[PDB]
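A.B. asks: This is the structure, below, for whatever I ask next.
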Number of protein chains: 2
Amino acid sequence: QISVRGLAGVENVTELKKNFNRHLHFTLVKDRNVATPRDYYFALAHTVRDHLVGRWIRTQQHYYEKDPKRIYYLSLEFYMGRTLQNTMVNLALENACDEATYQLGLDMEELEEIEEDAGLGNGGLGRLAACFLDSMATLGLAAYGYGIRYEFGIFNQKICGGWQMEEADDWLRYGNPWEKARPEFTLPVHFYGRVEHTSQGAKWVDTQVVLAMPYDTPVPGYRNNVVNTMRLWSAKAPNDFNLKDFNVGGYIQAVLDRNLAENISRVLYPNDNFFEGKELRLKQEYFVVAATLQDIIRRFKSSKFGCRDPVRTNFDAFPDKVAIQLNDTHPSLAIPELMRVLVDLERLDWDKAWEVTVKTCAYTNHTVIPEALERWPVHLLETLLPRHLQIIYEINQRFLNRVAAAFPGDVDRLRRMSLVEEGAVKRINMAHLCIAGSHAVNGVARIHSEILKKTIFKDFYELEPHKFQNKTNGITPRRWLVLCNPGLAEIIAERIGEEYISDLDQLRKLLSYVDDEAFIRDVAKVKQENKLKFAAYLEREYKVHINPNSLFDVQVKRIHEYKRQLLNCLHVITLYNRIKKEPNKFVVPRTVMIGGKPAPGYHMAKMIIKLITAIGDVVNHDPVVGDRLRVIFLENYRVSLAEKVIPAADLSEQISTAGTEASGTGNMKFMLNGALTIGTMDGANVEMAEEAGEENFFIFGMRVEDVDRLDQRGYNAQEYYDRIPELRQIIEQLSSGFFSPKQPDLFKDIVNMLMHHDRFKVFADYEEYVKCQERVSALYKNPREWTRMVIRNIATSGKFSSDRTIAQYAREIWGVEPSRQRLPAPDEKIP
Amino acid sequence: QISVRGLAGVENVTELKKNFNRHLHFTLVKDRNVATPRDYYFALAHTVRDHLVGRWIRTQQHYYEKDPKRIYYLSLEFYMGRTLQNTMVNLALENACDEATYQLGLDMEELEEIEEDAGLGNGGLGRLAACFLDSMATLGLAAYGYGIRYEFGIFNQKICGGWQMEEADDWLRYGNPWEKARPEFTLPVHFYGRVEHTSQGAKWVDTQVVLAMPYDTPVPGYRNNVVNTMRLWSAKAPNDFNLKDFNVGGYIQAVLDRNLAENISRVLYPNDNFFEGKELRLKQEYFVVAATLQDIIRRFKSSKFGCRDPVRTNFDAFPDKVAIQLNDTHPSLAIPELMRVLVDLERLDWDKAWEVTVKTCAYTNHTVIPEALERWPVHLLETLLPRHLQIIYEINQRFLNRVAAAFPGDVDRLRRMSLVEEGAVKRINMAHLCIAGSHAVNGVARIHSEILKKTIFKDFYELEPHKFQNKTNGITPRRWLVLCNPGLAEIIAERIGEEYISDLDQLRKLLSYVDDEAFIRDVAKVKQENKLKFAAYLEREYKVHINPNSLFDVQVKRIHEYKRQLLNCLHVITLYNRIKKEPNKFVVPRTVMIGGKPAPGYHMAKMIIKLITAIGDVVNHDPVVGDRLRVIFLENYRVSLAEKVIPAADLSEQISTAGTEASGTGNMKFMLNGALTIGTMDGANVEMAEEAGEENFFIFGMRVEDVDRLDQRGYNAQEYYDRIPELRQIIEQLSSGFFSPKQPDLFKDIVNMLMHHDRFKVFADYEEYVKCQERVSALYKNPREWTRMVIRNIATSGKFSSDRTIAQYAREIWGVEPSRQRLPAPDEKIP
Ligand SMILES: *Cc1c(COP(=O)(O)O)cnc(C)c1O
Ligand SMILES: *Cc1c(COP(=O)(O)O)cnc(C)c1O
Ligand SMILES: OC[C@@H]1[C@@H](O)[C@H](O)[C@@H](O)c2nnnn21
Ligand SMILES: OC[C@@H]1[C@@H](O)[C@H](O)[C@@H](O)c2nnnn21
């Protein structure tokens, strides 16, 4: 066998080679003698896409005949990655396409590397939305993902001289085989304008019009013939006023200025956990909300209502036919917008319209760090969206009256709960708009949802306890096991079968093989094969050598002070310093690989990439160190690079200050792929250690209590400097130019910060972190017992499947039951 | 029979219905129950496009194995119109697709109306280039059309309140089924920068880079299996410097500013016979030249040279493998650019490089009116293209030295011939660069090429007589007979066969039926059927009724003072005035239809559209006139509207002041479609009257001699005003608000101009024009004898085929022999 990537059947390997040669000639208009690997990749992309249009068309007509409650997942980010392999996995096409291209004389693997990632996300948030869409289609949900088809996704990172250089991601330069533009369904979105209060309504008048044109991408569930839809809006100028708001300027200039309306979907904002209050961002937020709500209401007005049902467009059943989920506060304008359409256009009374709005909306909060929070200045909302500010003031008015009635006399509560923040500039607090206008609010890991109830939304929890929930994040076992680690999925499937791919709790059955000797050597063999293949990819695409027999220590995630790549840096420098001190003493060899992108304006995260490259500069060229220690910055980290490094890791760094990483999902990916975790009791590390047992994890540090104790006291970093010689030695190395010789003051900003303004108190966890790291090296030395802990982690990772998450969203927030029932075939059909 | 639009064969009607249902499902991802006519149009467009990719691939590999001399036709305009029907005509698919969609229950005609015109031209020039491409593919020439893929072609004209309103032509909103993007073949184009003169060369340094990405459209010859290529460049920003010319500005802003480089192909300049010296226009001109020349040289470096031939890249054979034709001076920078690449990059000596450049280039001049002429200010060329200005100064230097040697002492000649014009601003005269750097210069009709030799390029003709040629324009019989007038092509084909479609001189054989009674009634019957169908289309898409039993008097062309829609206006007002004077006197009924677009800044042409609508306002609502006279402005005139009005015309207006319309091609279209011509002895009207006999035409007016006599004297329009009461009456009607009641001064600008600054002396031809118009009404009254003159014109129109024009370009300028040999089948094949 190759692996169990499906059957390579006789009629179907021949079917696929026929269609591959059809598309190269008819679609690509190339012949075999001028086709490059890229043309061969497109011939394949088109042949696999033909296998899901049958199922797409019949999944959509099915939701039309039966009319289930529809789930609208609204996100400004969807981080899909590449879609050829994933689509072959979900349709069971992967071995038939492997044989078929083999017979055509091509390497499928070589062609899969040609696909550009769809990079429409920054990281965690965007990828949670792509893992969610996979699980909704796998669980038979009538679900729709909605977002912006950005033409430039997250920048490609280049390192020049150790510094990040950002360059535009032109992911569409060659085309996207997977979208279907739907210009028939373009919709108008209004901006600026003013409100006339006339007789039987307010009206929004003298608005600028932008057209939202849809592009649909298919989302296939795993082996069940459901193919749901991701619809992504693109901005288009009208050809009228963007031209005929006549009377000199210039004709050519009017046409060139069209790219003013079309700039709304041009580029993703490259910030992860940081709010920039730019007008273009708010235009992006209103545009995906306005266009999506029109499409939603349009579908509901057909339903079985636009036939009969009671007969009246009674929006009373709108919540029993519509669930819209808000992915963070970025689509929060869906609350005042659903109100506007219903009061202003459909003419419902306010209070009916408000009951229908809270009953269909639900809000997911993703972080508690204050600079991530949206607080949009009122003059901005006032200019651009004047009806919506009025609706926000009226919602506020009425909500604070409920607070006043329940907490009579508590005047500080009222100022603390207001959706309107007074101050220098007044602002609207979008998270407050979202708790007031949603029937459910949830965090993303059990400790983060407890921190919401206890600290940041405590007033809101005391008011309406029944709204706050938890739904711990997950990861999809299809890309994150079966696709990136087929060998591990194989050796698992040999022992327990293939039903675990859509039932990840079945992995508990591996616990019976924790003492099976053939299993332990197999598990250790695929990890070694992954390490060898990544070690190779590295000299191929990017390198000057590494050693596959070392511990692969990796921390790959966005560069932030709260995720503390700096604490990892302090640990690498220690290791170096100890082996400069005792050169001929044995130490377990490590390749520590750190990678991630910094948002362009985040000066400290840019300085941290520069420190990591400066350490590898020194460490990787010291001869006394030899191959005992290598430090590597993993360039342009993205979804496809994660599918290559996470199978190859031995140790996962999940080192954020307790209370700052709300969940994390990279931690989950590493746990089902055979890495052991070194982490703090933060986010979902706590539920993972509870699932594997704390003995099967390396936890260290401060807990949330201890962080708050320290903050009661006052964190003084000099106390640590003064008491720990190894820590002291490192800072004066940074401070004197040991690591930056030509530019000795270069790192003074990291030193000054760590010493005087460290928000994430890197020094407080340093002692217990280098002690915990001594413990993992000790165990790496006992291969057999490292692999049995690995086994304890894999067999215990099934809780962290996004199928478990989506089934709890479905039941406890959406009111819909998941299915795992194969939809009636693909079978051809024309009606 | 339906007509002879090919066979509707059994295996092939079934082949086409299979493929139509394949594309609607697999390409369009629609099913029969949600498909609109537009989806049905795309299913068809894709099924007919599959039939020419076989022939395209094998026509191109054929020119590769046999390696003929290649003809590069460089134009900034290609006015293609719609391409579904035209492609069905050239592949003999039209009746099989008619039966196939009929069986599917659809009307092909209804779907053909859904296609948007490719409007990448202003009129005459752009359409001559589309008629040329058809004839080169029909004559087996290895020819390539090269231009800019503008994303906005010529604006769509809207009339509000009688005024033209321009709106952006978003022809690509729904997609173009016919192009194939070729992003693999993107090429760099450089701008700005500076020149370093270093040791063994000048170098062009610190340039801004724009990428030219190609899009190929197929050009099928008529029924010969040749499918040539039209390649159209699109501008794309690099993702490097258009981003990493680093150091603050803003990351988002850098990505948004990409549409600064991409504005180069955004919109066609909407000016016909008028030069605007805007920097964006010159960027458009360099960009199609730079990118095209790279592709040209790239193809030549493979040829049989990049194998062996002598062995050295001896550019000596470049003229024997390459012909590049300059369509007007818009690609004139192809001369200094071919020099730059050869001296600066390929390191040929100047004089070898100059001999190779003049021997491969040829220039077509299209007009003598002075404001149409390109004279680019030197500070513009100096900034943007500094190497090329140096090369232009060196070419000038050397050319004037040849003039000095031949005309010793003639110092005025030298200042008159210079490519550099001194004055207020120095300018480069692009037409002079083109005669100096081309081995052939030609005009477009016999009198226009005589006017070039006698007036505008007289000095150049005395210097190098052997360069000046004539190549009278033509029209393609495939769109302009067979496609727009199938009934006329039928009744012709009944009598003489179908070989005339690629041999239009065979139409002379209709002269034997000028007295055949069945033929005369047939010819009269298709004209009546065309008139009925256009009269219908009109109430459908646009109307409030016309009478098909009147003479259809039409003048449809761009609005210009030289084409004199104003003289036609004077004639309509006369007719009205005479029948207000004698109400109960019979006059032959006329529907006079005038249509065309005005360039946006051309205030007088905009005022002329407004006069025409103001006349129809009055005339079409006078009850005394009844249906004896209707005046209609034919909105948004373009290629597809021409295919509908020109079959339906009885009389063609070709009324420009002698010496101003260099050729005209609308005049030709009307002559093979059964309209009689009222015209002056201008452009190609002279060769048409010479071909049908002046008895078979209505010529009037001043000849060129008489225009110059009048200009020797001094044209005084008041002399006409004073002597012709009917003319006098009209001007005081204009002047008093008879035609503009609420705004009595509205037309004072037309009056003031006609009276004091008429360049095209509208009043001098007025008497002989209304007398000639009395003669055509007299003959319309004798139906039998109108149709025998019509017959004398049709049978005599074969000279005016673009197949005759291209065969004289081929033989007398390009050095290649036309073929009419069917290329070896389409037959499948994979190598
Ligand atoms: C999963 C993923 C993330 C999230 O990882 P965390 O460690 O939770 O921050 C970010 N980026 C990429 C490319 C990922 O695949
Ligand atoms: C052929 C054509 C022209 C040229 O007509 P002239 O009468 O020579 O000016 C212009 N516009 C359209 C749409 C045409 O088809
Ligand atoms: O919920 C998905 C991820 C969480 O796992 C991260 O911990 C948190 O920082 C975040 N912010 N936005 N999206 N996310
Ligand atoms: O050659 C094609 C046509 C001629 O027929 C016109 O008479 C002339 O005004 C023109 N200018 N540019 N292109 N053209």
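Residue names in the structure tokens use chain letters A, B, ... in the order shown, residue numbers from 1 in each chain, and ligand numbers from 1 in the order shown.
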Can you pull out every residue from segment 83-217 of chain A that DSSP, working from the backbone, puts in strand (DSSP E or B), and format the result as a ChimeraX atom specification?
C.D. replies: /A:118-120,143-148,152,156-160,163-167,180-181,187-198,201-217
A.B. asks: Should the cut-off be 8 Å, what would the residue list for chain B against chain A look like, counting only C-alpha atoms, as a ChimeraX atom specification?
C.D. replies: /B:25-26,28-33,50,53-54,57,165-170,173-174,180,183,239-240,243-244,251-252,255-256,259,263,266-267,269,600,830-831
A.B. asks: Got a sec to check which residues lie within 10 Å of ligand 3, using only C-alpha atoms and all ligand atoms, and send them as a count of residues only?
C.D. replies: 46
A.B. asks: As a PyMOL selection string, which residues of segment 356-571 of chain A does DSSP assign to helix (DSSP H, G or I)?
C.D. replies: chain A and resi 356-360+370-372+378-384+386-406+411-417+430-436+446-456+458-463+465-467+478-483+486-496+499-501+504-513+517-542+565-571
A.B. asks: Find the residues around residue 99 of chain B up to 8 Å (only C-alpha atoms counted), leave out those fewer than 3 positions away in its own chain, and share them as a compact mmCIF listing (two decimals) with C-alpha atoms, in the first residue's frame.
C.D. replies:
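Contents of around_11.txt, freshly written:
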```
# COMPACT_ATOMS: atom_id res chain seq x y z
CA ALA B 8 -26.38 20.92 -39.36
CA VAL B 13 -25.52 18.66 -33.52
CA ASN B 95 -26.40 26.14 -38.64
CA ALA B 96 -25.24 23.15 -36.49
CA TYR B 102 -33.01 24.94 -31.06
CA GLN B 103 -33.24 21.31 -29.85
```
A.B. asks: Give me, as JSON, numbers by chain, all polymer residues having an atom no more than 9 Å from segment 188-198 of chain B, counting only C-alpha atoms and skipping those fewer than 6 positions away in the same chain.
C.D. replies: {"B": [204, 205, 206, 207, 208, 209, 210, 211, 212, 213, 238, 283, 286, 287, 290, 291, 382, 383, 384, 385, 386, 387]}
A.B. asks: So that I can check the surroundings of segment 450-456 of chain B, please list as a short mmCIF file (atom, residue, chain, number, x, y, z; two decimals) with C-alpha atoms, in the first residue's frame every protein, DNA and RNA residue that reaches within 9 Å of it, counting only C-alpha atoms and ignoring chain neighbours fewer than 3 positions away.
C.D. replies:
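Wrote result-v5.cif, looks like this:
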```cif
data_model
loop_
_atom_site.label_atom_id
_atom_site.label_comp_id
_atom_site.auth_asym_id
_atom_site.auth_seq_id
_atom_site.Cartn_x
_atom_site.Cartn_y
_atom_site.Cartn_z
CA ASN B 365 -0.54 57.37 -42.08
CA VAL B 368 -3.85 64.78 -42.70
CA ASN B 442 1.42 54.47 -47.15
CA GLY B 443 -1.82 56.33 -47.00
CA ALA B 445 -7.05 55.77 -50.16
CA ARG B 446 -5.66 56.92 -53.52
CA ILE B 447 -6.44 60.62 -53.09
CA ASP B 459 9.85 67.22 -48.71
CA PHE B 460 10.06 63.54 -47.69
CA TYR B 461 8.68 62.35 -51.01
CA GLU B 462 11.30 64.46 -52.97
CA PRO B 465 10.13 58.75 -53.51
CA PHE B 468 5.52 56.34 -50.52
CA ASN B 470 -1.00 53.70 -51.31
CA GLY B 659 -9.66 66.33 -48.66
#
```
A.B. asks: Identify, on the basis of only C-alpha atoms, every residue whose closest approach to residue 784 of chain B does not exceed 10 Å; exclude the query and any residue fewer than 2 positions from it along the same chain; express the result as a ChimeraX atom specification.
C.D. replies: /B:515,517,520-521,524,779-782,786-790
A.B. asks: May I ask for the distance between atom CA of residue 628 of chain B and atom CA of residue 575 of chain B, given in Å to one decimal place?
C.D. replies: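 Interatomic distance here is 9.8 Å.
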A.B. asks: Interatomic distance between atom CA of residue 507 of chain A and atom CA of residue 823 of chain A?
C.D. replies: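 Between atom CA of residue 507 of chain A and atom CA of residue 823 of chain A the gap works out to 26.0 Å.
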A.B. asks: Give me, as a list in words, all polymer residues having an atom no more than 6 Å from segment 484-498 of chain A, counting only C-alpha atoms and skipping those fewer than 2 positions away in the same chain.
C.D. replies: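 My list of contacting residues is residues 3, 480, 481, 482, 500 and 643 of chain A.
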A.B. asks: Suppose you want the space between atom CA of residue 85 of chain A and atom CA of residue 22 of chain A; what is it in Å?
C.D. replies: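 Rounded to one decimal, the two atoms are 20.7 Å apart.
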A.B. asks: My list of candidates is B:332, B:506, B:565, B:449. Which is closest to ligand 4 when distances are computed with only C-alpha atoms and all ligand atoms?
C.D. replies: B:449
